[PDB]
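Participant: Build me a model from this:
(8 chains, ligands or ions: 3)
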Amino acid sequence: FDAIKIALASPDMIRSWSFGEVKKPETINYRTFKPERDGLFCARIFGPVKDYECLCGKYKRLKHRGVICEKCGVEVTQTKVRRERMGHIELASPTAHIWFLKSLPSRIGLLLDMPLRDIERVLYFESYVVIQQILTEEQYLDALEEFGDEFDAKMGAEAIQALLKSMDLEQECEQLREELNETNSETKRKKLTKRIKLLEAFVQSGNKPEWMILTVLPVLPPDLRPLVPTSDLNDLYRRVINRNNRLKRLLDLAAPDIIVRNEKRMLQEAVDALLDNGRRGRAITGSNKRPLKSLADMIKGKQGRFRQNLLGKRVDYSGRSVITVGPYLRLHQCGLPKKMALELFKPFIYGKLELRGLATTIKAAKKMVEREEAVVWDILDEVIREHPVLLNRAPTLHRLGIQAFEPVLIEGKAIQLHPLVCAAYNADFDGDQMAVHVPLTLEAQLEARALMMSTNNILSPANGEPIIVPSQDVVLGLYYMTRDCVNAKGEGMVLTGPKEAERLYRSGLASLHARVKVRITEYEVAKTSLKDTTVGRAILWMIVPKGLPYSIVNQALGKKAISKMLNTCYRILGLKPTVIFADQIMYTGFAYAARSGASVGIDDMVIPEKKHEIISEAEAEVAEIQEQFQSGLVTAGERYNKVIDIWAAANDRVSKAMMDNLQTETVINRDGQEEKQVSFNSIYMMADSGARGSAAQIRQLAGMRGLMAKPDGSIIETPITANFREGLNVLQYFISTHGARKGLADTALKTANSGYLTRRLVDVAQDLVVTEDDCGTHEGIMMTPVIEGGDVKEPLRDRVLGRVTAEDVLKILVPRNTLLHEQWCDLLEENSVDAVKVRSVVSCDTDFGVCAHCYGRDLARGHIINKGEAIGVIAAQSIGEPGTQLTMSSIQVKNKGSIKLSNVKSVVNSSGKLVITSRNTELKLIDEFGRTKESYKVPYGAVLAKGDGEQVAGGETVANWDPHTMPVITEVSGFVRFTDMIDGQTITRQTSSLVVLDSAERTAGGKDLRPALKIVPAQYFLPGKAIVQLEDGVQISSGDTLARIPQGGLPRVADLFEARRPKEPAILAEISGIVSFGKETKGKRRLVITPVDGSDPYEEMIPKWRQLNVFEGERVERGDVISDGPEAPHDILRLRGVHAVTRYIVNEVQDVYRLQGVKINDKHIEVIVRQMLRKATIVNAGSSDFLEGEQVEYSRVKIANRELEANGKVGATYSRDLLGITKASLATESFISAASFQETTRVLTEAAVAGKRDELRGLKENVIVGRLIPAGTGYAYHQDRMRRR
Amino acid sequence: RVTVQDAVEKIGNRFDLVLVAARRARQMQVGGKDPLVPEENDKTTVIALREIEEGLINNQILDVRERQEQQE
Amino acid sequence: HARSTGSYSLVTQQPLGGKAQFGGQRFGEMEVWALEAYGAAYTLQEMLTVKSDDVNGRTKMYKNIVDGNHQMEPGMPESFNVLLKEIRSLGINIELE
Amino acid sequence: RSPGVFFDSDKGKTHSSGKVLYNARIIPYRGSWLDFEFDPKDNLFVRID
Amino acid sequence: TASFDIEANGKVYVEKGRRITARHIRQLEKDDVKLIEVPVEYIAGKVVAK
DNA sequence: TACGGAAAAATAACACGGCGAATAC
DNA sequence: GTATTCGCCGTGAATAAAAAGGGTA
RNA sequence: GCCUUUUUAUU
Ligand SMILES: [Mg+2]
Ligand SMILES: [Zn+2]
Ligand SMILES: [Zn+2]
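Facilitator: Numbers count the residues shown, from 1 in each chain, chains lettered A, B, ... in the order given. Ligands and ions are numbered 1, 2, ... in the order given. Please find the structure below.
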């Protein structure tokens, strides 16, 4: 099959699926386990329960395949044929479908142009409709005697089916087509544009409206709801057939009208409870108080087929046990147990036994395995000598959770997961029990060796740093070697080479760390020099490859230092000398850690003598602050900020006093003067290396742990004065748990949110596959690193690392189609230029994917991204992976740089200050080399001490402003005249000071009159709640103040990726022009801009509690905020631009990513917003086919536009819509991929009424339908499939 | 084998390497096809990758070997 | 718990859970995305069809591994046929082309 | 939750929309829950179950 | 906070159009008068509740 | 050997966005 | 006609073990 | 031969 078409079930199509008709409500017989005639499990209707055995017991021995008997009529067949054959029931009354009824919007409600409330009153027999208008039961007795001969009315779904039979599809669509062309409505147009979209999609899929109302209801096959020695579905099916049989008992005896309306309602409620649960008048519960599982409850949610049985299928030839260290084995190897791998490779044993000829059958080969003799293990090691085996963690919130290995047979039922990939799994050896998998066939084993092996998984897909990072022990063995000590054994002796240092240390006459001179041979060709190298660093030179330099080895080699040592070996040496180098790091870092003896103890770290004096000073410092509060010197808020000020300064004073007692404490007499050298404490060796302890973790260990947080978010006033070495107090440990149990409740609850964020990120980005090599488009975004902070954290070295540029930047410097390598990115760093135009993901215009050169580098391989790789899945897995890592004033230019102001119409002031006039100002600290390092967005009203275009020295205050009061600044100088500014009506004066009244609390005498201030030209208007200190008759300058106007992490990733509006959205300006005040007597301020060439009647809606950023006297610009606060993701796309929203979502996700310390590349978020920009709202139809009000995909309007550019008619433009990770994953094509995410009761009704025959594109679709993935080597199969079709 | 970086530099794309090694493994399993590499005790997964280590098996020259078997 | 072949579930043709039920390891929706991230198209097609879904395939695979041939055949997954009958049991038409 | 009068509040950004909220919960040992919740429209509304 | 001034037998206690401090609370307690003069527009903003 | 479902249960009562429906101005 | 609040509705990680319960007289 | 709830426990 190549496509799956979904539509409405016809009454003839339901009977075409069913081979028989069921009439019995009871499932089977009560006495024996044999089904009755015309039952739910009957063999005549569906098929026999045994393999080639009739129900009576006469036709056996497999001598027939399609015989039909005459005694019982049972068509004997296989057991799996019973899983396919279905049944149907003939209902006495029609029944409305509950999925199409309770959906939002209602499919039955939009056809009958009724809301949800009245469309269910006629269905459950409370009201009547005609065959329209809705009349109740008490209006039906008067309708038969007044208009009874003109119109006829019924109730239930029979009247709904008769009304859908009366209306026509072409007649109702014509009446709605002429209504949308002439209407001045926005909210009413939204209700009508979804109704005509429902009608226009019926004629394209050829679905009648009467097919939605079910006259015939199909049932499941009996193997789909099997009885067991009582289920949660067959008892629910007994609720429907009992109601179906009772309605057949009412027609023959001429039942009255009162009893048939109640029986049809319970028949309608039985189908409403069968096909759905939770969307009715009352959800049906079982006998044991649990909610009963309906047909919808077993298709949606975690317990549905889409998540438990189509995405969560259990896997044979696959086991699960805890993981171990296993230091003796190689990187591509692990450890599989003897009796476990024998049970996993059980047909692999049977294949090798029949190949050699030991057991040439399947029966005696099972006896050879279960006997466990000596010849079974020699067969087993030949199979598992080079067989790849997938090691798999049960939570995989990352790409590296599934890695292949080449295991060896060991004792013990635990797997020996490799320590080098232990940081790649992000899972320590804390007793975690996790799965294991094998590939059976040879085309799947090569996928494990070429892609899933641990050898070629060195670099992380998230960042340029390798994911193979030595975490705790191998880095500790490396750190004890690479150290310098005076007065050591064998100090100041010559060595012939690096291999002689192994002879020097294993004999025991010299220490592991001694300042000597070893001869080394460095490569790129061989150079030799006698440099200062200790004994431990000389062990490393036999471990590193030839071409690795020495300048990366000569440091202390901590965890942060050897992260680049593994990266430089991948860069210039290649992958083939990386696997041997990484294994020999793990061989040396483990074996020398045994010889190291780096431990933890009470004699290792020591409480410094300055700690007991600092705590005695801090307890004496809080005594005078508390005595000042009793006398009344400070307030409650000023005292609370002062205690944390003097304790965090004491926490930083005890941090440095404890650090020097671990850095330069223990000294040894080196035959002379007592010199200050680095201490050899094992706690500092685990702290300077950054292996397992940070600078703040040892601060909590030997010193006081500092300020702890409250559960609501505040800080404890009195922190822990003691430390963990001498023990805490009872209350000190109790307030220590206020941040520890809170952080662990933060950890155990954000994994349910980041796990939901992992599903939300993949399900919207699974359609995006790289499909082209080169397209030819020069469109892209402008790249700028983080500048708003004081110090640069992520520069342009790691920002544009491995991304092909769109347009060639200047100092011809770089080409266009050339990928930026590690040498090309360093060429951009030495030039010190910014504003690089690179090819972005949202700028590529291809079908169901992006180009390979428009993406960049994979950052997991050394070359470019391969054509046919899941490019949206590798990024969405590296977004939820830091989700469980993060938690759920004046200016002072410290650095040196020349100031620069953009889009500022600065004028002269009275004192010569660089006064600003625009709202959106951004400072640029341009250096002498040509780049910038610092930036600040100062508010409107900041007085700059110096102008623009000169150098600003470091440590000098350049500006100052007031954040609480917003002033107003004119443009030119001149006399001031109070135009329309009178007192008594709208201006009162409080004592020497003037103030304008608020628009809400003012009287009814000055509501129409608005104040103004014109020059004597430009007119300046002031808003309410302002203080005017200027009197009439005083000459003022341009920069003088005229009106004083006074006033976590994972939710930020969740709110921004869903493209939702926050609690304080920032309003943007549509057309640059003149903004007025607004209109009163409305309850909310409205914004209107009437420029010369703009749109006049456009109006906004601003609440009264919000304030206006820009003034109504100054000219507004497109891209200036009206409300202060966080910018809304929907308004930055529609107004500022398409390339502006992809810069805002990335830089704000990366803003909260730097607070935790994780490094995620910017292109990984850029492939998510491309799957958020793939839905668009077309602004004009023109020569196109679909309606303007209809919202379709960007991939559908881009191929249709290229067809128009080849023709004579022009192409219709479109406006993109930022549908989030929840919105765009549902309202899209490939309905199989949308039904697995969520809203299976809704999006399957959205696809049945609209056709939506998917073209087998997408990754979630091919997983559920079970065929080759179009984002691997199956893309080459899909490439040949397009060549076949 | 240990690493696949020497076989991927002959073909380029990684997903094209799996397609040519799977078709080489099908010939070594059912239809004879003794390899030109020295045969060792390892399985046919490594033999499908050892032939691309020196470059005697490629995706372009494996299709002309399938047509050569069809002419005989 | 290790399972090569054993008793399957009666609702859908899939393995079971627990060591007492021979220990069929559940893959899960989180591990499908980690398998398709590398581009393992032949492995992900095996992991949810030949292991569980293909009842006509897992017996032909079990006759193929004991023969000595590691060849995977494309088949119609019966676990999707479990899903195909669930939508066909409602008033929604769905077919294959 | 103990049976009695519970005065709750959700400040910050949880169902606030720029205003503080005060909901009073009278819960029994058994029966129907009685709630008195506010709104951004500044009108006391009663909630039962 | 009211825009008008509250008088009691020719004694001005609350200034018109100005927020008073806490000094007028204790000063008013010693000379409690049960009748003051109020304009007609201040009562129209209230509810009658009877 | 029969009906499967209703009203009482001396029921269990969450939280953060979202979509459509019933009002105030 | 235009918002506006709200009733109901989407979602709330993943993975192993034990227990009852599988309609009521 | 199972399935679904609930509880405990693990990452
Ligand atoms: Mg763990
Ligand atoms: Zn028979
Ligand atoms: Zn492109």
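
Participant: wait, doesn't residue A:602 sit right on residue A:725?
Facilitator: Yes. With contacts counted by CB atoms under 8 Å, residue A:602 reaches residue A:725, the gap being 6.5 Å. Quick note: C-beta positions are derived from backbone N, CA and C, even for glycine.

Participant: The two: which is more packed in?
Facilitator: residue A:725 (13 against 9; other CB atoms under 10 Å in any protein chain shown).

Participant: ok, and the closest non-adjacent residue to that one?
Facilitator: residue A:607 (5.7 Å; CB to CB, 6 or more residues apart in numbering or on different chains).

Participant: quick one: secondary structure of residue A:293?
Facilitator: coil (DSSP: H, G, I helix; E, B strand; the rest coil).

Participant: Nearest residue to it in space, please, no chain neighbours.
Facilitator: residue A:232 (4.5 Å).

Participant: Regarding that neighbour, which helix or strand does it belong to?
Facilitator: For residue A:232, there is no enclosing helix or strand under DSSP states H and E.

Participant: roughly how far apart are it and DNA strand G?
Facilitator: Taking CB to the nearest atom of the strand, to the nearest Å as the measure, residue A:232 falls 7 Å from DNA strand G.

Participant: can you give me the helices for chain B?
Facilitator: B:5-11, B:14-27, B:44-54, B:63-71 (DSSP state H).

Participant: whoops, I mixed them up, the stretch 251-400 of chain A
Facilitator: A:257-274, A:338-344, A:346-356, A:363-371, A:375-383 (DSSP state H, counting those that start in this stretch).

Participant: what's the last one packed up against?
Facilitator: This points to helix A:375-383. Counting by 3 or more CB pairs under 8 Å, 6 or more residues apart in numbering or on different chains; DSSP states H and E, the packing neighbours recorded for helix A:375-383 are helix A:338-344, helix A:346-356, helix A:363-371, strand A:408-410.

Participant: Might you enumerate the residues of chain C proximal to DNA strand G?
Facilitator: C:1, C:17, C:18, C:19, C:20, C:23, C:25, C:26, C:27, C:28, C:29, C:30 (CB under 7 Å from any atom of the strand).

Participant: if we can go back for a sec, to what extent is the residue nearest to residue A:293 buried, counted in neighbours?
Facilitator: Neighbour tally, residue A:232, other CB under 10 Å: 15.

Participant: what's near enough to touch it?
Facilitator: A:286, A:292, A:293 (CB atoms under 8 Å, 6 or more residues apart in numbering or on different chains).

Participant: With residue A:51 instead?
Facilitator: A:78, A:79.

Participant: Could you report the separation of it from residue A:60?
Facilitator: 10 Å (CB to CB, to the nearest Å).

Participant: Show me what from chain A comes close to chain B.
Facilitator: Residues of chain A lying close to chain B (CB under 8 Å from any CB of the partner chain) are A:332, A:382-383, A:385-388, A:442-443, A:445-447, A:449-451, A:453, A:455-456, A:574-576, A:578-580, A:861, A:863, A:866-869, A:1272-1273, A:1275-1276.

Participant: hmm, 6 Å instead?
Facilitator: Counting by CB under 6 Å from any CB of the partner chain, chain A comes close to chain B at A:386, A:442-443, A:445-447, A:450, A:455, A:575-576, A:579, A:866, A:868, A:1272-1273, A:1276.

Participant: secondary structure element for residue 32?
Facilitator: Because you didn't say which chain, this covers chain A. Counting by DSSP H and E, residue A:32 is found in no helix or strand.

Participant: think we crossed wires, I meant chain D
Facilitator: In the assignment (DSSP H and E), residue D:32 maps to no helix and no strand.

Participant: Give me the distance between it and ligand 3.
Facilitator: 62 Å (CB to the ion, to the nearest Å).

Participant: Tell me how far the residue nearest to residue A:293 lies from ligand 1.
Facilitator: From residue A:232 to ligand 1 the distance is 35 Å (CB to the ion).

Participant: Could you say which helix or strand holds the residue of chain C found nearest ligand 1?
Facilitator: Ligand 1 sits closest to residue C:30 of chain C, with a gap of 16.0 Å, by CB to the ion. Remark: residue C:30 resides in helix C:29-35, with elements defined by DSSP H and E.

Participant: and that helix, is it in reach of RNA strand H?
Facilitator: No. Judged by CB under 7 Å from any atom of the strand, helix C:29-35 makes no contact with RNA strand H; its nearest approach is 10.6 Å.

Participant: in the top strand by length along chain C, what's buried?
Facilitator: Longest strand in chain C, counting residues (DSSP state E): strand C:92-96. By neighbour count on 16 or more other CB atoms under 10 Å in any protein chain shown, the buried set for strand C:92-96 is C:92, C:93, C:94.

Participant: Which strands border it, and is each parallel or antiparallel?
Facilitator: Partner strands and pairing direction for strand C:92-96 (DSSP bridges) are strand A:4-8 (antiparallel).
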